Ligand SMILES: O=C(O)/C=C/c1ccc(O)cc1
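There is one chain below, alone, in structure tokens, taken in the form solved without 4'-hydroxycinnamic acid (HC4).
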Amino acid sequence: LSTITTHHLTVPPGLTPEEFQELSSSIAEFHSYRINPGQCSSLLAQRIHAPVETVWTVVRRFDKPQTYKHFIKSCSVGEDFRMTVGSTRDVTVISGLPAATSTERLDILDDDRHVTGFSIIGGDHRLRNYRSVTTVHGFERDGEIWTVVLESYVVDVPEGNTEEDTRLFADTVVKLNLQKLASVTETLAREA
């Protein structure tokens, strides 16, 4: 019943075909998931007019997701926290429901290829077993540079929800966070 995601075969909304053809191999490598019934997966994309390493400095900051994410009341890490795979963070989410904290584990951190990813290991019943990967990519035309960020996830569809409603919620949130990422990092680039 399990299948393989097809994100690497379709142009993500927002991206040009030409951008996608350059990214196709990277989507297969980092944005491919094993999907079972009762699960759903999406790939989202955002163009940013900022250098790759400027964007990556924000995307890799596992201890401060609120720097580019919405609906975060607080994020606490350990006193001996170090940016290593396997570290965790406790994220308190604003949702209008009673106070709910998610524990998230850092799954990937590749400073050379600009790939990171995390898993919600407990605490969010909207996004049970959420797993996500973000990659950053540089582009150039005629001395003009820009960056594309790709963010994908897989998550369990909660009992009582349709896939479309879980997908639409999770997509809307990723889309909004990527917009904030674009604004934050574009500002950082203009200021130098």
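Numbers follow the displayed sequence, beginning with 1.
Missing here is the form solved in complex with 4'-hydroxycinnamic acid (HC4); even so, the following discussion is about that form.
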message: residue 91 versus 4'-hydroxycinnamic acid (HC4), in the deposited complex: is there a non-hydrogen atom within 4.5 Å?
response: yes
message: Within 4.5 Å, heavy atoms only: does residue 120 come near 4'-hydroxycinnamic acid (HC4) in the deposited complex?
response: yes
- request: Indicate whether residue 20 is a 4.5 Å heavy atom neighbour of 4'-hydroxycinnamic acid (HC4) in the deposited complex.
  value: no
- prompt: Though only this chain appears here, would residue 126 touch 4'-hydroxycinnamic acid (HC4) in the deposited complex if you measure heavy atom gaps against 4.5 Å?
  reply: yes
- request: Any residue of 154 to 192 with a heavy atom within 4.5 Å of 4'-hydroxycinnamic acid (HC4) in the deposited complex counts; write them all down in order.
  value: 169
